[PDB]
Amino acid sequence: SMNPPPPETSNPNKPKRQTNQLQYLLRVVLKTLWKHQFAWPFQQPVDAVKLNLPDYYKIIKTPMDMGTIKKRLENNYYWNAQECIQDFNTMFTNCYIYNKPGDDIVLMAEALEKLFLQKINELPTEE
């Protein structure tokens, strides 16, 4: 079975705004998670063809990854910070859904989620 197209990352017809929270999500949150030693499985869409995971997109119907999130932030695809936070949570929960408690990849995602939560804790007041 085939991979789906990646999630939409750019829509020129959407209204655009810069906020302190969106800037922080790109320059601090995404940046920190991206450079983490456990980031690599999450830096691009899961390639189920290359990885021989034929059931991945039978199970995961809302794919999300940090490559997509980076693109959405840098193309001003998000209007509300919560949209971006939701995408990070989708990425983590997808990993938990496809895999099982205690799997190495799950432990990796858990660590990244903990780091994410520490970084989101210091999200600036929308100002």
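Just so we're on the same page, rigid core means the largest C-alpha set that superposes within 1.5 Å between forms. Note that residue numbering follows the sequence shown and begins at 1.
- Stretch 98-106 is the one, of 98-106 and 36-44, whose CA positions lie farther from the shown form in 8 other deposited structures of this protein once all structures are superposed by the rigid core.
- Higher mean CA temperature factor, per the PDB entry, when comparing 60-68 with 46-54: 46-54.
- Relative to one another, 10-18 and 100-108 have unequal mean CA B-factors, and 10-18 is the one with the higher figure.
- For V28, the recorded CA temperature factor ranks within the highest third of the chain's modelled residues.
- When the modelled residues of the chain are ordered by C-alpha B-factor, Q37 sits in the highest third.
- Sorting the modelled residues of the chain by their CA temperature factor places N75 in the highest third.
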